[PDB]
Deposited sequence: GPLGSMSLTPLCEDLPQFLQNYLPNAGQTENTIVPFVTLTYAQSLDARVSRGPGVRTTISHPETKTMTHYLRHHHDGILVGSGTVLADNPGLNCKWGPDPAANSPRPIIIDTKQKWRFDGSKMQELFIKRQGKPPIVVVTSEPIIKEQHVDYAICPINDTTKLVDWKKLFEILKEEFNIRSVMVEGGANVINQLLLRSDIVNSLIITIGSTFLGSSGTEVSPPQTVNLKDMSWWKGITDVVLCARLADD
């Protein structure tokens, strides 16, 4: 709508990550008034517009990037697998902590060593691996509220934050997005729709 002009300054910017080893990282999600992303229109256009401006998407057409540290996901027999077959959808990059004994066709494996301290995955190292090993110049992370909750803390990684808020309450039992500490924003910009609003911003510090 007027949405492309609104998003423009927050889209991956070529000359900004070029001659760096990190990709542009956008953090994006859709929540209710009570900050829930699940429970216990018009956003299609925007999401698909955003996706086609990124090389990878962490959950032309973007490549799917899946975290599967515990190694239990499978490509064969996935929506993704079928989409790949019909010439409209790329095969996934699968993020793991060690080399899997059994690998699937078309699937790329990114071995990211779990962080020494946090005991979680080293987000900085993972994003460099995606960029350097797999030509992923930009990445749109869409969810796992737990992924979002960690990355909200990473002002040194995240480049743009794009949040849709719908005019509804999902209820307290729904899965929330809220960082463990306070997170300040900068360079904020709001767009308003009929029933929804979108925030574009950056992470302070």
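Missing C-alpha coordinates: which residue stretches of the deposited sequence does that apply to?
The deposited sequence has unmodelled segments at 1-12, 53-61, 81-102, 249.
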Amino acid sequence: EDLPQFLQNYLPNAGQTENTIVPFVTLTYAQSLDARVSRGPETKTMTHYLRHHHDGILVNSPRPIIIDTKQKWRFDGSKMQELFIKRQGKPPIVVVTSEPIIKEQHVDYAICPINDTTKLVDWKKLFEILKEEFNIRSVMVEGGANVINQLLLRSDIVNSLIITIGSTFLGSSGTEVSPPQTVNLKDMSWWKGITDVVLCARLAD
From here on, numbers count along this sequence of modelled residues.
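Which is higher on mean Cα B factor in this entry, 125-133 or 84-92?
According to the entry, 84-92 carries the higher average C-alpha B-factor.
Mean temperature factor over C-alpha atoms, higher-scoring stretch between 115-123 and 94-102
The deposited B-factors put 115-123 ahead on the C-alpha mean.
If I read the C-alpha B-factors straight from the PDB entry, which of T69, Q150, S32, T175 is highest?
By C-alpha B-factor in the record, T69 ranks first.
Among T195, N19, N184, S189, single out the one with the highest C-alpha B factor in the record, please.
Of the options given, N19 has the highest CA B-factor in the PDB entry.
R36 CA temperature factor, ranked by third within the chain
Ranked within chain, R36 CA B lands in the lowest tercile.
Name the third of the chain's ranked CA B-factors that contains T43, choosing lowest, middle or highest.
CA B-factor rank for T43: highest third.
Determine, from the deposited record, the chain-internal third of the Cα B-factor for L11: lowest, middle or highest.
Ranked within chain, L11 CA B lands in the middle tercile.
Give the position of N60 by CA B-factor within its chain, expressed as the lowest, middle or highest third.
It falls in the top third of the chain.
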